[PDB]
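First comes the structure, then the notes that go with it.
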Amino acid sequence: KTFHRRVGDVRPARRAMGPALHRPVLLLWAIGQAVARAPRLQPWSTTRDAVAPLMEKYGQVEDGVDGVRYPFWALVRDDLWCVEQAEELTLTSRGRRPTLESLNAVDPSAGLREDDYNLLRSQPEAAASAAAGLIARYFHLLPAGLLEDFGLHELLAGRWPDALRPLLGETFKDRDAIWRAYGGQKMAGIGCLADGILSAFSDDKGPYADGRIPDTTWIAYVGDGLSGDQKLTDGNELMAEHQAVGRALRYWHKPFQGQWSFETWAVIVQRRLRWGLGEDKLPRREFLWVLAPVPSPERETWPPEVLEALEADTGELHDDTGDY
DNA sequence: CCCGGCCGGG
DNA sequence: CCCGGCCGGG
């Protein structure tokens, strides 16, 4: 329901050649519009040639013009968009987005939801997170290009990810108690909060212990399969996804009979396979995600030693199940 | 060229 | 089962 949620729920499926940026590109522009006090609903014709150039540069699509058709209809059933004069459009391919002719012929004014147009105009902070969300989840390298073009530069200048929540160091008693505040799931240590940003949870088993790998800057985090050989699925897949592109994630830590707290952003810098003990207490094959903390998601902020280490990493699983 | 059916991921 | 961008063939 919560606009914050729904924008977070916008996860395009993982096609082979990346996921489809069409739907985020639109939402990003549409926030840039509401920030720039543009009109709530706008006609198809005008939106089309306004977004299409962005879609070509920033959604790495060939025909930006065509591109817009899909999200322009689709985003409605993501409960974020709305389209007056729906009935009048003539549809194709069973229920899917209608024909280019009915779009050009009817020139339907489409735009953002009611409450959402109000919320963005009235509260910049909510507008700030949402573009920070997408900016993080889907772009996250921020080539100088889009800052200005999408909106936005004025909105998120300085440190963009400032707008995201939680803040660093925020503290909660339960795993549950985090969930009330940020959603996602109590569950695997690997997951995404309502905002659609990945979060990894480290529950310390012993006092005067934490995950730091000795004689090193980094943190050893264990894949989230609970009792037998772990699999590149769910949480582990998510890690591998982030690892590929060099995207960062929230590292949560509970000291031990201590409260959870959002201790740092971190980036996967190595993926390792190890023997370890299940919850069942028998040996098993498990993932070792090696994390390097960083100040924020903004690459500009990352120290060189981290950058070297991603450069250096092959991206490939290292199987140590041959000697331990 | 832009209907459609076709992919293939949830 | 479901749908959203892909891409064939009219």
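With a Förster radius of 51 Å, plug the Cβ-Cβ distance of A:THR92 and A:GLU125 into 1/(1 + (r/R0)^6) and report the FRET value to the nearest 0.05.
Taking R0 as 51 Å, the efficiency between A:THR92 and A:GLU125 is 0.80.
Restricted to Cα positions, what overall size does chain A have along the principal axes? Three whole-Å values, descending.
68, 39, 36
Using only Cα atoms, locate the centre of segment A:17-72 and the centre of segment A:130-183, then give the distance between them in Å, rounded to an integer.
The two parts, judged by their Cα centres, are 21 Å apart.
Using 7 Å Cα-to-Cβ label points, what is the A:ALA50/A:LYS1 separation (nm, one decimal)?
Taking the two extended label points, one gets 3.1 nm.
Based on the alpha-carbon gyration tensor of segment A:167-319 and its eigenvalue square roots a ≥ b ≥ c, which shape applies: rounded if a/c is under 1.5, prolate if not and a/b is larger than b/c, or oblate?
rounded
Within segment A:224-259, name every residue whose backbone N is under 17 Å away from a label modeled 7 Å from Cα of A:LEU141 along the Cβ vector.
Residues A:241-248 qualify, since their backbone N sits under 17 Å from the label point.
Can you tell me how much longer the chain between A:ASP215 and A:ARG180 gets when fully stretched, taken as 0.36 nm per residue apart minus their C-alpha distance, in nm with one decimal?
Result: 8.9 nm gained on full extension.
If the convex hull of the alpha-carbon atoms of segment A:245-324 is projected onto planes in all directions, what is the mean projected area in square nanometres?
The number I arrive at for segment A:245-324 is 6.9 nm².
Sticking with the crude label model, points 7 Å out along Cα→Cβ, report the distance from A:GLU84 to A:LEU317 in nm, one decimal please.
The modelled label-to-label distance comes out at 5.5 nm.
Place the peptides A:99-105, A:56-62, A:291-297 in order of packing, highest mean first, counting for every residue the other Cβ atoms within 10 Å and averaging per peptide.
Highest-to-lowest ranking by the protection proxy: A:291-297, A:56-62, A:99-105.
When we count neighbours, we look across all protein chains shown, and the Cβ atoms used for this are built from the backbone with ideal geometry, even at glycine. Every read-out reported here was derived from the displayed coordinates using simple, explicitly stated rules and does not represent laboratory data.
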